[PDB]
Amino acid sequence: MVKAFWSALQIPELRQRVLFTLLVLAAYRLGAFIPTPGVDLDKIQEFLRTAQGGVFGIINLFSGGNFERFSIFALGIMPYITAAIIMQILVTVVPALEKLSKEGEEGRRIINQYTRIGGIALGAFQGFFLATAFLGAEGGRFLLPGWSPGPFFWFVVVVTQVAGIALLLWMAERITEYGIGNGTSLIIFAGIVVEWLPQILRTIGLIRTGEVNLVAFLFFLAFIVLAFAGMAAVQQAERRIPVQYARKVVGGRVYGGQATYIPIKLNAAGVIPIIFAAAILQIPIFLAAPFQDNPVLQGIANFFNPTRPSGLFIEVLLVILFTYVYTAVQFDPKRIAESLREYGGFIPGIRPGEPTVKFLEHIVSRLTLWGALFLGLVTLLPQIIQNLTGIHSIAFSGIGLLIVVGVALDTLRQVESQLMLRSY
């Protein structure tokens, strides 16, 4: 898939896609420098470096560093995502929405539109909530000189955030349409990796100075490479199920052609469950953390802190669960068996029909567990590595690595899979 990487910069169409993507991401990053009126960014950054502010870390990380500078997209593309989750929940809870999801042409469009509308509304709600519970709280703690905690400021913030995430959702969809990879995933990706290089340079400077010893740093780096290589290997891994084509009935017995196989990945392609797990983890923190004067809500919020043992455990569980469920939904044995049926293929020793689906379902359900567990391991280990090396960075957290490698692999996989179809 390196060939895909270079061809995407070589081939005019794909390089147009790349340039457009880079342009949009440039617009987003630039948009990170446009502040919400009335907000004192200095005090926000000051608070985010305090002990109680640390819990906002992940919230900032997935905001693309925007929450830190409280830009027009203060929470990033995250509101939309949240809505999506909600929608999904409804779809799997309300039977009417499930029917609407399975109608075909229209319905999925209606659900998606509801997701977009709900996303914007969510950005409105979150803008208001943050304006009233955190920004103007404590006698207008994070306000600017000349601003007071009232309905005018709330109105301003709400408007800013609504228009902001509207524009950002639009930008994401335009990346999806006229650029490489998926828009949302690339926006989160950019929002995460934008912080990597300066942190590397800073840490290196600290090594030269003497605050960080070289051994811990080398372990950190080597562990990152290990993470990349490991995720790559597991993504490239597959369970082969022996099948046969050109089946002919001779002497009242079923025979087949040359023995082949169908490959089944440990995990279904997609960084989406990681996004959903992250957002789900972010909800209680978002609801509880703003209230700085309430030890209870601070306790609840810090309980889900991905840096702390409890929150990290919860995060691991969320990643494993969401991955396993998503892989279960994507790898439906019925459509696989029917795909083997339309091509005139069969499983040697297994009768066609429902027993075949049973065989496939059994193998898949027993298999994908390990991929889920692996993603959970990748979720877990980096925090320990940071604790042992003394080099802490939420951007290089297990969840962050999962995002980066996930998006990279997805984009390259799609590009390769499409240029392959172009060549043939």
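One rule holds for the numbers: they count along the sequence shown, beginning at 1.
- Across the two stretches, 363-371 and 390-398, the PDB entry reports the greater mean Cα temperature factor for 363-371.
- Note on 376-384 vs 352-360: mean CA B-factor is higher in 352-360.
- Which of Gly344, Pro309, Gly127, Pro79 has the largest Cα B-factor in the deposited entry comes down to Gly344.
- The top Cα temperature factor in the record, among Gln235, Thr132, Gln330, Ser185, falls on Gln330.
- Among the modelled residues of its chain, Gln199 has a C-alpha B-factor that falls in the middle third according to the deposited record.
- Ranked within its chain, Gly119 lands in the lowest third, by CA B factor from the PDB record.
- In the PDB entry, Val404 places in the lowest third of its chain by CA B-factor.
- Sorting the modelled residues of the chain by their CA temperature factor places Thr323 in the middle third.
- In the deposited entry, the Cα temperature factor of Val193 sits in the bottom third of values across the chain's modelled residues.
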